[PDB]
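Novice: One structure, pasted below without further comment.
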Amino acid sequence: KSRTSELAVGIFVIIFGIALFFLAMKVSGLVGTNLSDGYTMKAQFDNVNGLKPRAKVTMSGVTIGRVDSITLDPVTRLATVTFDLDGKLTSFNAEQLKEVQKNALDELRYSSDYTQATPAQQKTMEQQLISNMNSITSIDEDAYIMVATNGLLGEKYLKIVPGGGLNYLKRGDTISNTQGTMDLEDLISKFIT
Amino acid sequence: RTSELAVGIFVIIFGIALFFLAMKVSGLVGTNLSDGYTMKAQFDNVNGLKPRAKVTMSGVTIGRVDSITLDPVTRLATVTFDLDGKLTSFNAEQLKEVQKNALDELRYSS
Amino acid sequence: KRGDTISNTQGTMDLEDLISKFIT
Amino acid sequence: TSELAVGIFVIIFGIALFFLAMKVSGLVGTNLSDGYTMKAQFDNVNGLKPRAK
Amino acid sequence: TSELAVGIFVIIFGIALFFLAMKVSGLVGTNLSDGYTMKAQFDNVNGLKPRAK
Amino acid sequence: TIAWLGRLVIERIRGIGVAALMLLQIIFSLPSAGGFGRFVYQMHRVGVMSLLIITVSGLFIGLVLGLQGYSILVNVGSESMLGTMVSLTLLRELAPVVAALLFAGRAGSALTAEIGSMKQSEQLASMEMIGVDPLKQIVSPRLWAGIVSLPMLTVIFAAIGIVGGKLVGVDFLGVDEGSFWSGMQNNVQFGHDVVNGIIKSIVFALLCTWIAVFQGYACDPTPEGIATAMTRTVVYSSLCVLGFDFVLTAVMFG
Amino acid sequence: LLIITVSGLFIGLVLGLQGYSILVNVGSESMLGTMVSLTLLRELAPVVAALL
Amino acid sequence: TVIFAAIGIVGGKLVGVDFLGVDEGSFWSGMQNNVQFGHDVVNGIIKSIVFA
């Protein structure tokens, strides 16, 4: 019965390795997955009272991303919050991008002054203004961020308010225009007392 | 022996009689055969909305929110909306009545 | 009829504007 | 082997303390001392409780 | 052969004993941080819990 | 000294390899349909004979959940919460585990003991010379009775647990039938609160019965081995149910 | 000890995940402490341990 | 029984607080609020003497 022995171990190793894989893989349905294209962004704030890691991010009320980390800079007194946004929702489809690239340039060359530039300069501007868009998402130049509340009880989350700009921010950059929350004793000090 | 198999059969029957109780507990959802009607709607903000949120006309339940997505170049939300047509489609008599009223007026005002 | 788009817009309103409506 | 049983069972005891002390910390209550009783009169204690602070 | 039995003995055996202790103390009572302390007066700490942020 | 553990581990794991091979043969090829008409008999000893235990335990679990739920829920929402918690607890976590372990006990040790004796007495072995493959004649209907029986028992356990919960939570302790029933309908979806209980039940039924057959059909023909096999089938299927329950629930509701 | 320890770890992790997926619909996560402790101390340790 | 619960609580925290984003302070506070060593732990033990 010496010959059967070997085969038995080989079967074990394979069935067992599969079982280990199954566990490691299947649990990813809930833990360890970003569920996104992975672009990140930064922003700074004056008051982030009641945010949590894993609070939602939205545009127009559509879930668009996650708040990953919160940290304080001790010499500026500002909080820094890091985002994780999903490219499938924030990037432009390439066909849509063609439209975006072209209408952005029409405003930049005709409402603004690129057509008055040396034609060589005009081409240079168009070439890099557009090749730079291979690095962008839909959030424009004037987009706000502010912290948001969820329900009349619940955890605090982050809101993006787009619109009115021409150019776009590159993934990895910092959104500059931000506004902080209000604490309860200071709604009171501002409007009641 | 039949004295042993009669029971083997019995247990499955029992096993069904209390299956039903499980269905009374979950209730009936996901209706109805005239499901096909779906609708689209545009919104500026959908912050608290969810898949499986209910839909109403005058408070009667008539449908479900199925999917919420963003259009990145219009910056609008678009909602995929299952309208349970069983309660919104006209039956033949009812159709004749709305149809007649609307046709009578169509050829009077135009 | 069938599956058209309802031709009307009316979204929700956040505590942001419920508050901005008034000055504090 | 009896020597192993003796040299090994001590582990269930080392483990018993480690986890029991953890349990005390996780659910530690209030250790009162030098307590006194006092009484006071009231007109209404609606919804006051037998273990209130 | 003992070549394999010895390698098999060490794996898991030498992991599991430490594993049980470290995966508990790191969660229930052993820690390390560069902590500093400060004191303050208050007139009325109503309801502030001992573990508040 | 130390190498002893080494050898123990190596051999136990070899055995799992063997079990996998056995399972493949029993499920892979079963052409003898004419003899499978008897599995309905076999079911008598797995399914029919186990309702008493599953039923009694289901009632006690339902009543206990009722009382503990209530003493916590009076501070939060018993009117709405007894319904939702009794039904979700039984459908998601307890019918698939409590019934699975009671079954592993009552059917599992009995089944392994029976195969064990078939082997120890040499009775089983005598079939090889008659040309009747014992896997198709002895093992097949036992493994199948296990697959069908546990899932049906799992449903009954929950059905009784609901009766138990209501019997104390609503009828002795002062709660509305209306909100109990509607609460359950509002939060319990067939898809997938009832369905996931059933899926987990199938997984456990296969894993647990598979082990009971495998250990009963032991290598070493020594009387001491029957008692050892019985203890081991309870221990191994018990840990496997808990291990797999964790992963499956993690996916289903995560 | 080995069997009871492995069982305790899986039960703990299961309660954690089931509690959480219910609590996120209350929005009250402080309950993980309160419920993991009460469930194990009052009903499961005395029953799961007794049955294993 | 005690060891089982102890492992179970730790397993609970390990996922409930450490993987799932719950502020830890509320976990330990939630345990103290309101289950106690002198009551609920004691009843868990009494039941285990009976079962043993």
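Convention: chains lettered A, B, ... in structure tokens order; per-chain residue numbering from 1; ligands numbered from 1 as shown.
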Show me, as a list in words, the residues that have an atom within 12 Å of residue 14 of chain C when counting only C-alpha atoms, minus same-chain residues fewer than 5 positions from it.

Specialist: residues 60, 61, 147, 148, 149, 150, 151, 152 and 159 of chain A; 44, 45, 46, 47 and 48 of chain B; 19, 20 and 21 of chain C

Novice: Do you have, as a tab-separated table, the list of residues of chain G lying at most 10 Å from chain A, each with its nearest atom pair and that distance in Å to one decimal, counting only C-alpha atoms and ordered by chain then number?

Specialist:
residue	atom	partner	partner_atom	distance
G:17	CA	A:30	CA	9.7
G:24	CA	A:154	CA	9.3
G:25	CA	A:154	CA	9.7
G:26	CA	A:154	CA	8.3
G:27	CA	A:154	CA	5.2
G:28	CA	A:154	CA	7.5
G:29	CA	A:154	CA	9.9

Novice: Excluding residue 91 of chain A and its own-chain neighbours fewer than 4 positions away, which residues fall within 10 Å of it when counting only C-alpha atoms? Please give them as a PDB file with N, CA and C atoms, in the first residue's frame.

Specialist:
ATOM      1  N   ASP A  37     -11.657  53.122  -8.767  1.00  0.00           N
ATOM      2  CA  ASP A  37     -10.481  53.246  -9.636  1.00  0.00           C
ATOM      3  C   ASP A  37      -9.225  53.746  -8.869  1.00  0.00           C
ATOM      4  N   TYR A  39      -8.336  57.031  -7.348  1.00  0.00           N
ATOM      5  CA  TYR A  39      -7.616  58.293  -7.496  1.00  0.00           C
ATOM      6  C   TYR A  39      -7.640  58.956  -6.160  1.00  0.00           C
ATOM      7  N   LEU A  85     -11.402  58.813  -4.674  1.00  0.00           N
ATOM      8  CA  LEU A  85     -12.514  59.003  -5.618  1.00  0.00           C
ATOM      9  C   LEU A  85     -12.515  57.981  -6.724  1.00  0.00           C
ATOM     10  N   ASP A  86     -13.710  57.584  -7.137  1.00  0.00           N
ATOM     11  CA  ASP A  86     -13.800  56.584  -8.190  1.00  0.00           C
ATOM     12  C   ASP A  86     -13.787  57.114  -9.616  1.00  0.00           C
ATOM     13  N   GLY A  87     -12.732  56.814 -10.334  1.00  0.00           N
ATOM     14  CA  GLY A  87     -12.522  57.282 -11.689  1.00  0.00           C
ATOM     15  C   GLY A  87     -13.663  56.915 -12.619  1.00  0.00           C
ATOM     16  N   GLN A  96     -16.649  61.896 -24.419  1.00  0.00           N
ATOM     17  CA  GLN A  96     -17.078  63.069 -23.705  1.00  0.00           C
ATOM     18  C   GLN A  96     -15.913  64.006 -23.559  1.00  0.00           C
ATOM     19  N   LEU A  97     -14.732  63.443 -23.381  1.00  0.00           N
ATOM     20  CA  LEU A  97     -13.536  64.204 -23.210  1.00  0.00           C
ATOM     21  C   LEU A  97     -13.291  64.986 -24.463  1.00  0.00           C
ATOM     22  N   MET A 133      -4.973  66.889 -19.837  1.00  0.00           N
ATOM     23  CA  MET A 133      -6.274  66.428 -19.439  1.00  0.00           C
ATOM     24  C   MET A 133      -6.314  64.924 -19.370  1.00  0.00           C
ATOM     25  N   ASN A 134      -5.222  64.285 -19.718  1.00  0.00           N
ATOM     26  CA  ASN A 134      -5.194  62.853 -19.603  1.00  0.00           C
ATOM     27  C   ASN A 134      -5.020  62.509 -18.116  1.00  0.00           C
ATOM     28  N   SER A 135      -4.728  63.540 -17.317  1.00  0.00           N
ATOM     29  CA  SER A 135      -4.523  63.441 -15.901  1.00  0.00           C
ATOM     30  C   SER A 135      -5.696  63.980 -15.082  1.00  0.00           C
ATOM     31  N   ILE A 136      -6.840  64.316 -15.709  1.00  0.00           N
ATOM     32  CA  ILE A 136      -7.890  64.973 -14.919  1.00  0.00           C
ATOM     33  C   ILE A 136      -9.160  64.237 -14.713  1.00  0.00           C
ATOM     34  N   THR A 137      -9.898  64.799 -13.766  1.00  0.00           N
ATOM     35  CA  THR A 137     -11.240  64.388 -13.424  1.00  0.00           C
ATOM     36  C   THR A 137     -12.156  65.590 -13.615  1.00  0.00           C
ATOM     37  N   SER A 138     -13.452  65.373 -13.472  1.00  0.00           N
ATOM     38  CA  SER A 138     -14.508  66.356 -13.688  1.00  0.00           C
ATOM     39  C   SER A 138     -14.602  67.519 -12.718  1.00  0.00           C
ATOM     40  N   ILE A 139     -13.926  67.436 -11.601  1.00  0.00           N
ATOM     41  CA  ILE A 139     -14.033  68.512 -10.647  1.00  0.00           C
ATOM     42  C   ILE A 139     -13.249  69.678 -11.187  1.00  0.00           C
ATOM     43  N   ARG A 171      -5.663  64.524 -10.967  1.00  0.00           N
ATOM     44  CA  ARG A 171      -5.727  63.603  -9.862  1.00  0.00           C
ATOM     45  C   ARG A 171      -4.424  63.719  -9.125  1.00  0.00           C
TER      46      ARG A 171
ATOM     47  N   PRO B  72     -21.281  62.775 -15.443  1.00  0.00           N
ATOM     48  CA  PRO B  72     -20.145  63.619 -15.130  1.00  0.00           C
ATOM     49  C   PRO B  72     -20.020  64.851 -15.974  1.00  0.00           C
ATOM     50  N   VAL B  73     -20.785  64.953 -17.056  1.00  0.00           N
ATOM     51  CA  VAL B  73     -20.602  66.155 -17.857  1.00  0.00           C
ATOM     52  C   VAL B  73     -21.816  67.027 -17.851  1.00  0.00           C
TER      53      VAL B  73
END

Novice: At a cut-off of 6 Å, can you tabulate as JSON lines every residue of chain B near chain C together with its closest atom pair and the distance in Å to one decimal, using only C-alpha atoms and ordering rows by chain then number?

Specialist:
{"residue": "B:37", "atom": "CA", "partner": "C:3", "partner_atom": "CA", "distance": 5.8}
{"residue": "B:38", "atom": "CA", "partner": "C:3", "partner_atom": "CA", "distance": 5.2}
{"residue": "B:39", "atom": "CA", "partner": "C:3", "partner_atom": "CA", "distance": 4.8}
{"residue": "B:40", "atom": "CA", "partner": "C:5", "partner_atom": "CA", "distance": 4.6}
{"residue": "B:41", "atom": "CA", "partner": "C:6", "partner_atom": "CA", "distance": 5.5}
{"residue": "B:43", "atom": "CA", "partner": "C:11", "partner_atom": "CA", "distance": 5.4}
{"residue": "B:44", "atom": "CA", "partner": "C:11", "partner_atom": "CA", "distance": 5.4}
{"residue": "B:45", "atom": "CA", "partner": "C:11", "partner_atom": "CA", "distance": 5.2}

Novice: Residues of the last selection are to be written out with N, CA and C atoms, as a short mmCIF file (atom, residue, chain, number, x, y, z; two decimals), in the first residue's frame.

Specialist:
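Once written, out05.cif looks like this:
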data_model
loop_
_atom_site.label_atom_id
_atom_site.label_comp_id
_atom_site.auth_asym_id
_atom_site.auth_seq_id
_atom_site.Cartn_x
_atom_site.Cartn_y
_atom_site.Cartn_z
N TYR B 37 -42.65 48.35 -16.94
CA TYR B 37 -42.52 49.78 -17.11
C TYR B 37 -41.41 50.29 -16.23
N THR B 38 -40.48 51.02 -16.83
CA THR B 38 -39.41 51.64 -16.10
C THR B 38 -39.39 53.07 -16.54
N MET B 39 -38.89 53.93 -15.70
CA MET B 39 -38.82 55.34 -15.99
C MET B 39 -37.49 55.96 -15.62
N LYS B 40 -37.19 57.08 -16.26
CA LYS B 40 -35.99 57.80 -15.88
C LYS B 40 -36.36 59.15 -15.33
N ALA B 41 -35.61 59.68 -14.38
CA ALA B 41 -35.88 61.02 -13.88
C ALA B 41 -34.59 61.74 -13.52
N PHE B 43 -32.48 64.74 -11.46
CA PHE B 43 -32.45 65.43 -10.17
C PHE B 43 -31.14 66.19 -9.97
N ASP B 44 -31.21 67.25 -9.18
CA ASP B 44 -30.05 68.03 -8.76
C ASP B 44 -29.39 67.56 -7.47
N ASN B 45 -30.12 66.91 -6.58
CA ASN B 45 -29.57 66.39 -5.35
C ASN B 45 -30.39 65.18 -4.91
#

Novice: Can you superpose chain E onto chain D by least squares over all C-alpha atoms paired in order and give the moved copy as a PDB file with C-alpha atoms, in the first residue's frame?

Specialist:
ATOM      1  CA  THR E   1       9.968  15.016  29.430  1.00  0.00           C
ATOM      2  CA  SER E   2       7.425  15.787  32.275  1.00  0.00           C
ATOM      3  CA  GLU E   3       9.565  18.733  33.222  1.00  0.00           C
ATOM      4  CA  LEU E   4       8.129  20.692  30.358  1.00  0.00           C
ATOM      5  CA  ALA E   5       4.737  19.079  30.236  1.00  0.00           C
ATOM      6  CA  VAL E   6       4.124  20.071  33.843  1.00  0.00           C
ATOM      7  CA  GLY E   7       5.178  23.672  33.327  1.00  0.00           C
ATOM      8  CA  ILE E   8       2.966  23.829  30.241  1.00  0.00           C
ATOM      9  CA  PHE E   9       0.043  22.367  32.132  1.00  0.00           C
ATOM     10  CA  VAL E  10       0.170  24.987  34.808  1.00  0.00           C
ATOM     11  CA  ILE E  11       0.514  27.998  32.530  1.00  0.00           C
ATOM     12  CA  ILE E  12      -2.804  29.063  31.042  1.00  0.00           C
ATOM     13  CA  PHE E  13      -4.732  26.294  32.740  1.00  0.00           C
ATOM     14  CA  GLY E  14      -4.271  28.006  36.111  1.00  0.00           C
ATOM     15  CA  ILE E  15      -4.861  31.414  34.574  1.00  0.00           C
ATOM     16  CA  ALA E  16      -7.865  30.755  32.403  1.00  0.00           C
ATOM     17  CA  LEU E  17     -10.149  29.255  35.029  1.00  0.00           C
ATOM     18  CA  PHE E  18      -9.784  32.203  37.365  1.00  0.00           C
ATOM     19  CA  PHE E  19      -9.640  34.576  34.433  1.00  0.00           C
ATOM     20  CA  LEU E  20     -13.103  33.739  33.270  1.00  0.00           C
ATOM     21  CA  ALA E  21     -14.618  34.241  36.668  1.00  0.00           C
ATOM     22  CA  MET E  22     -12.695  37.425  37.625  1.00  0.00           C
ATOM     23  CA  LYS E  23     -13.085  39.150  34.304  1.00  0.00           C
ATOM     24  CA  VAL E  24     -16.788  38.864  34.593  1.00  0.00           C
ATOM     25  CA  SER E  25     -17.591  39.466  38.218  1.00  0.00           C
ATOM     26  CA  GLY E  26     -15.417  42.587  38.191  1.00  0.00           C
ATOM     27  CA  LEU E  27     -17.542  43.879  35.333  1.00  0.00           C
ATOM     28  CA  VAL E  28     -21.061  42.699  36.259  1.00  0.00           C
ATOM     29  CA  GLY E  29     -21.520  42.633  40.070  1.00  0.00           C
ATOM     30  CA  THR E  30     -18.468  42.579  42.379  1.00  0.00           C
ATOM     31  CA  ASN E  31     -17.083  45.915  43.629  1.00  0.00           C
ATOM     32  CA  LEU E  32     -15.552  47.852  46.570  1.00  0.00           C
ATOM     33  CA  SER E  33     -15.656  51.571  47.495  1.00  0.00           C
ATOM     34  CA  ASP E  34     -15.731  53.732  50.618  1.00  0.00           C
ATOM     35  CA  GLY E  35     -19.388  54.625  50.240  1.00  0.00           C
ATOM     36  CA  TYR E  36     -21.539  56.771  52.529  1.00  0.00           C
ATOM     37  CA  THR E  37     -25.245  57.325  52.285  1.00  0.00           C
ATOM     38  CA  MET E  38     -27.584  60.298  52.822  1.00  0.00           C
ATOM     39  CA  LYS E  39     -31.378  60.875  52.484  1.00  0.00           C
ATOM     40  CA  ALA E  40     -33.365  63.852  51.092  1.00  0.00           C
ATOM     41  CA  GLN E  41     -36.973  65.093  50.644  1.00  0.00           C
ATOM     42  CA  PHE E  42     -38.328  66.482  47.337  1.00  0.00           C
ATOM     43  CA  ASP E  43     -41.662  67.905  46.234  1.00  0.00           C
ATOM     44  CA  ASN E  44     -41.501  66.594  42.716  1.00  0.00           C
ATOM     45  CA  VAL E  45     -38.913  64.274  41.286  1.00  0.00           C
ATOM     46  CA  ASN E  46     -40.251  64.337  37.760  1.00  0.00           C
ATOM     47  CA  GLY E  47     -38.534  61.819  35.604  1.00  0.00           C
ATOM     48  CA  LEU E  48     -35.360  61.444  37.731  1.00  0.00           C
ATOM     49  CA  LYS E  49     -33.925  58.042  36.846  1.00  0.00           C
ATOM     50  CA  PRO E  50     -32.819  55.530  39.551  1.00  0.00           C
ATOM     51  CA  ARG E  51     -29.237  55.574  38.282  1.00  0.00           C
ATOM     52  CA  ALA E  52     -28.817  59.340  37.658  1.00  0.00           C
ATOM     53  CA  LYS E  53     -25.632  61.223  38.705  1.00  0.00           C
TER      54      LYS E  53
END

Novice: If we count only C-alpha atoms, what is near residue 1 of chain G at a cut-off of 9 Å, once residues fewer than 2 positions away on the same chain are taken out, given as an MDAnalysis selection string?

Specialist: (chainID D and resid 12) or (chainID G and resid 3:6) or (chainID H and resid 3)

Novice: Counting only C-alpha atoms, which residues of chain F come no farther than 6 Å from chain B, as JSON, numbers by chain?

Specialist: {"F": [44, 184, 185, 188, 189, 190]}

Novice: Contacts of residue 55 of chain A at 10 Å or less, counting only C-alpha atoms, minus same-chain residues fewer than 5 places along, as a VMD selection string?

Specialist: (chain A and resid 65 to 69 148 150 155 to 158) or (chain H and resid 21)

Novice: Excluding same-chain residues fewer than 3 positions from residue 7 of chain G, what lies within 9 Å of it counting only C-alpha atoms, as a PyMOL selection string?

Specialist: (chain F and resi 238-239+242-243) or (chain G and resi 2-4+10-12+48-49+52) or (chain H and resi 4+7-8)

Novice: Go ahead and write the selection's residues with C-alpha atoms as an mmCIF file, in the first residue's frame.

Specialist:
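out23.cif was written with the following content:
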data_model
loop_
_atom_site.group_PDB
_atom_site.id
_atom_site.type_symbol
_atom_site.label_atom_id
_atom_site.label_comp_id
_atom_site.auth_asym_id
_atom_site.auth_seq_id
_atom_site.Cartn_x
_atom_site.Cartn_y
_atom_site.Cartn_z
ATOM 1 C CA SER F 238 -18.070 21.066 14.567
ATOM 2 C CA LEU F 239 -15.069 23.227 13.878
ATOM 3 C CA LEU F 242 -18.004 27.319 12.570
ATOM 4 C CA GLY F 243 -15.101 28.130 10.253
ATOM 5 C CA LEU G 2 -7.560 24.103 21.308
ATOM 6 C CA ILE G 3 -11.092 23.371 20.252
ATOM 7 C CA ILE G 4 -12.764 25.817 22.519
ATOM 8 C CA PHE G 10 -14.911 32.416 15.088
ATOM 9 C CA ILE G 11 -17.934 33.258 17.182
ATOM 10 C CA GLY G 12 -16.421 36.586 18.158
ATOM 11 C CA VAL G 48 -21.467 27.097 22.988
ATOM 12 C CA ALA G 49 -18.868 26.042 25.469
ATOM 13 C CA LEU G 52 -18.596 21.757 22.372
ATOM 14 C CA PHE H 4 -14.376 31.094 25.421
ATOM 15 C CA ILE H 7 -11.651 35.008 23.111
ATOM 16 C CA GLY H 8 -15.040 35.894 21.729
#

Novice: Among chain H, which residues carry a DSSP assignment of helix (DSSP H, G or I), reported as a ChimeraX atom specification?

Specialist: /H:2-16,24-32,40-51

Novice: Would you save the residues from that selection as a short mmCIF file (atom, residue, chain, number, x, y, z; two decimals), in the first residue's frame, using N, CA and C atoms?

Specialist:
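Contents of the output file part-v2.cif:
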data_model
loop_
_atom_site.label_atom_id
_atom_site.label_comp_id
_atom_site.auth_asym_id
_atom_site.auth_seq_id
_atom_site.Cartn_x
_atom_site.Cartn_y
_atom_site.Cartn_z
N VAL H 2 -15.12 30.69 30.62
CA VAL H 2 -14.52 32.01 30.70
C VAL H 2 -13.58 32.24 29.57
N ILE H 3 -12.76 31.26 29.23
CA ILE H 3 -11.83 31.50 28.16
C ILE H 3 -12.60 31.71 26.89
N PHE H 4 -13.62 30.92 26.64
CA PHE H 4 -14.38 31.09 25.42
C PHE H 4 -14.87 32.52 25.29
N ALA H 5 -15.51 33.05 26.34
CA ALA H 5 -16.01 34.41 26.23
C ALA H 5 -14.89 35.37 26.00
N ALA H 6 -13.78 35.17 26.69
CA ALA H 6 -12.69 36.10 26.54
C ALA H 6 -12.18 36.16 25.13
N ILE H 7 -12.10 35.02 24.47
CA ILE H 7 -11.65 35.01 23.11
C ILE H 7 -12.70 35.65 22.26
N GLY H 8 -13.96 35.34 22.52
CA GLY H 8 -15.04 35.89 21.73
C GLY H 8 -15.07 37.42 21.77
N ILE H 9 -14.86 38.03 22.93
CA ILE H 9 -14.88 39.48 23.02
C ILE H 9 -13.73 40.05 22.23
N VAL H 10 -12.57 39.46 22.36
CA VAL H 10 -11.44 39.96 21.63
C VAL H 10 -11.68 39.82 20.13
N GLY H 11 -12.22 38.69 19.68
CA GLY H 11 -12.49 38.52 18.27
C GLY H 11 -13.49 39.56 17.78
N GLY H 12 -14.48 39.87 18.62
CA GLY H 12 -15.49 40.85 18.30
C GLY H 12 -14.85 42.19 18.04
N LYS H 13 -14.02 42.65 18.97
CA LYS H 13 -13.37 43.93 18.80
C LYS H 13 -12.49 43.92 17.57
N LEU H 14 -11.77 42.82 17.35
CA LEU H 14 -10.84 42.77 16.25
C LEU H 14 -11.52 43.11 14.95
N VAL H 15 -12.74 42.66 14.71
CA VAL H 15 -13.31 43.12 13.45
C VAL H 15 -14.14 44.39 13.64
N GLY H 16 -14.98 44.41 14.68
CA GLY H 16 -15.93 45.49 14.91
C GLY H 16 -15.32 46.87 15.05
N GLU H 24 -12.80 53.38 19.14
CA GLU H 24 -12.52 52.45 20.22
C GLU H 24 -13.03 52.85 21.58
N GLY H 25 -12.98 54.12 21.88
CA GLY H 25 -13.42 54.56 23.19
C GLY H 25 -14.87 54.18 23.46
N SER H 26 -15.71 54.17 22.42
CA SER H 26 -17.11 53.86 22.65
C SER H 26 -17.32 52.38 22.87
N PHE H 27 -16.34 51.58 22.47
CA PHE H 27 -16.46 50.15 22.60
C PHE H 27 -16.26 49.83 24.06
N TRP H 28 -15.18 50.35 24.62
CA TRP H 28 -14.92 49.98 26.00
C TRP H 28 -15.92 50.64 26.92
N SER H 29 -16.37 51.83 26.54
CA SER H 29 -17.33 52.51 27.37
C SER H 29 -18.64 51.77 27.29
N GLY H 30 -19.00 51.31 26.09
CA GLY H 30 -20.25 50.59 25.88
C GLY H 30 -20.28 49.32 26.70
N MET H 31 -19.14 48.68 26.86
CA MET H 31 -19.10 47.49 27.69
C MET H 31 -19.41 47.89 29.13
N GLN H 32 -18.76 48.95 29.61
CA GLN H 32 -19.06 49.32 30.99
C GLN H 32 -20.49 49.80 31.16
N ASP H 40 -23.32 40.23 35.65
CA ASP H 40 -23.56 39.48 34.44
C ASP H 40 -22.49 38.44 34.25
N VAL H 41 -21.27 38.75 34.66
CA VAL H 41 -20.21 37.77 34.58
C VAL H 41 -20.55 36.65 35.55
N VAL H 42 -21.06 37.03 36.71
CA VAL H 42 -21.40 36.07 37.73
C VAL H 42 -22.50 35.15 37.25
N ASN H 43 -23.53 35.67 36.61
CA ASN H 43 -24.55 34.77 36.13
C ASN H 43 -24.05 33.84 35.03
N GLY H 44 -23.11 34.30 34.20
CA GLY H 44 -22.57 33.41 33.19
C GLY H 44 -21.90 32.20 33.86
N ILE H 45 -21.14 32.46 34.93
CA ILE H 45 -20.48 31.38 35.64
C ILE H 45 -21.46 30.46 36.31
N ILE H 46 -22.50 30.99 36.93
CA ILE H 46 -23.43 30.11 37.59
C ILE H 46 -24.03 29.17 36.59
N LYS H 47 -24.44 29.66 35.44
CA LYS H 47 -25.02 28.73 34.50
C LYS H 47 -24.02 27.65 34.14
N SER H 48 -22.74 28.00 33.97
CA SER H 48 -21.78 26.96 33.63
C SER H 48 -21.54 25.96 34.75
N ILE H 49 -21.74 26.32 36.01
CA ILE H 49 -21.59 25.29 37.02
C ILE H 49 -22.71 24.29 36.82
N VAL H 50 -23.91 24.78 36.57
CA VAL H 50 -25.03 23.87 36.39
C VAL H 50 -24.81 22.99 35.18
N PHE H 51 -24.35 23.56 34.09
CA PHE H 51 -24.16 22.75 32.93
C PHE H 51 -23.05 21.76 33.16
#

Novice: I need the chain A residues near chain F as a VMD selection string; criterion: at most 12 Å, counting only C-alpha atoms.

Specialist: chain A and resid 1 4 to 17 19 to 33

Novice: Name the closest residue to chain A among the candidates H:22, H:17, H:1, H:34; distances are taken between atoms, counting only C-alpha atoms.

Specialist: H:22
